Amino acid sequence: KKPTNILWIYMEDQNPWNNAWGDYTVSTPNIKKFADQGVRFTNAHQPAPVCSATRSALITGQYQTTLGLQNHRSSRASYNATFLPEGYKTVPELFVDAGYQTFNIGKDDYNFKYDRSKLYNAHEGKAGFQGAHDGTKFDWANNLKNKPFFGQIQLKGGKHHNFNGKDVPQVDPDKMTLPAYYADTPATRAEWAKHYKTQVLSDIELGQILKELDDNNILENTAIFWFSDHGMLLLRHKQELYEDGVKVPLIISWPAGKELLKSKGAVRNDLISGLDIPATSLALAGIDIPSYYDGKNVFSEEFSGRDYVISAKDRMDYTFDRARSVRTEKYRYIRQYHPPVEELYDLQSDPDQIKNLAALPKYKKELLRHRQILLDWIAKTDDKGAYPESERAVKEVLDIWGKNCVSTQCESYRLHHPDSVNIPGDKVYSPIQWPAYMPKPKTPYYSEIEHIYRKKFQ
């Protein structure tokens, strides 16, 4: 007994502030019922805290840092490209090869060049934001009611802008409880109340998708993976609060396999990586997990929870950072490469990560233990974050963010190209030819997504 379909309900930028996680600030009945009849994961940690890093990792099955996909965003311009290795199979291509129809409605946002028709064969792509391909809308639930499919639906999550729907409650910014030692201003309180409203919008959209499956008798045989690509990125001065940036909601539901999925627990507290989502998707559908994928089937009998979960943060827009985190059952550890410098937090007693324990003698052994888990991971994956981005990749940042990039990478680039700082890179550098094993489609939007230069930023 395997499900017929896989469906990822893929939310942008959302923390699990919903009834199923015990939070009754707003009413989330669809999510609560959905969680009650499925498997809820309370320790699912994505490999990255930002869009294109997480989304590239889950679609390739590996840490975004292993294949040079770690920088948000990257490989978008005509003159700067990353290609997956020859022979490589993304998760959708694995499903296509096994006979399924595949789609992703909404943004891809991956940090490599690709022929989308090899990944998603049930619909066409179109130009998206900042070099991304997007998947066109279509009546997937009707068209594929009798064709086994791996689909994704991208929902706006915390980035929903429109709250005029008569089902969105009032949320008073003055009633919001902020994290400890977090900036308490009208703007942060407004961001909190807005994020609660987006929980209701997510709850509504979940209800609509479940109805659409039900109206085409697709609800029983579809394994649904319900998750966000990261939580809200929160800053206390310069300190990123990683725990609730990488820990995301995850509910897995397969109605006709309920008892099989719940066998290890209807509420899973063991440590899960977001990279286990594609691997579990493959296993549930009866597709081998490639040996080079990092994920595991979280429902297999041999799966007893990860000892630790690794996350990575690299460049974000025009901020050239590099940090690596080891999450164990009790601690989050951070290695910060651009303050060498280390952080360690006991989450049980310090959930907002205020008390760095790295320099306390009592915690030296736990510190070294987390550090060594990280060194093992760097040695195993050859973390491409250790290597600097190229001239062409820096030029791509300049095309998109212009004067906003004040990093020493960007200034040094300007000092070396004073003749062309504001000339679009596609007029400075030759286009990158796609490799023999993957010719560039002639589809017109493939050239439109490469027009990344933004005059308004210089």
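Start at 1 and count along the sequence shown; that's the residue number.
| With respect to the deposited sequence, how many residues separating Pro339 from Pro340 are not represented by coordinates: none, 1 to 3, 4 to 9, or 10 or more? | A long stretch, 10 or more residues, is missing between them.
| request: On mean C-alpha B-factor from the PDB entry, just flag whether 211 to 219 or 191 to 199 is the higher one. | output: Between 191 to 199 and 211 to 219, it is 211 to 219 that shows the higher mean C-alpha B-factor.
| Which of 49 to 57 and 418 to 426 has higher mean CA B factor, as the PDB entry lists it | The recorded data point to 418 to 426.
| field | Options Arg116, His237, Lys247, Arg371 - largest CA temperature factor per the record | value | By C-alpha B-factor in the record, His237 ranks first.
| task | Name the one of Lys258, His72, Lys107, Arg324 with the greatest CA B-factor according to the PDB entry. | result | Within the set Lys258, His72, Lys107, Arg324, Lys258 shows the top C-alpha B-factor.
| Third assignment of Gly265 from its chain's C-alpha B-factors | For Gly265, whose C-alpha B-factor we compare with every modelled residue in the chain, the answer is the middle third.
| Third of the chain's Cα B-factor distribution that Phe299 belongs to, per the entry | According to the entry, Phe299 has a C-alpha B-factor in the chain's highest third.
| message | Which third, lowest, middle or highest, does the C-alpha temperature factor of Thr280 belong to within its own chain? | response | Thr280: CA B-factor falls in the middle third of its chain.
| task | Please place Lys395 in the lowest, middle or highest third of its chain by C-alpha B factor as given in the entry. | result | CA B-factor rank for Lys395: lowest third.
| message | Please place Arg332 in the lowest, middle or highest third of its chain according to the CA B-factor in the PDB entry. | response | Lowest third, going by the recorded CA B-factors of the chain.
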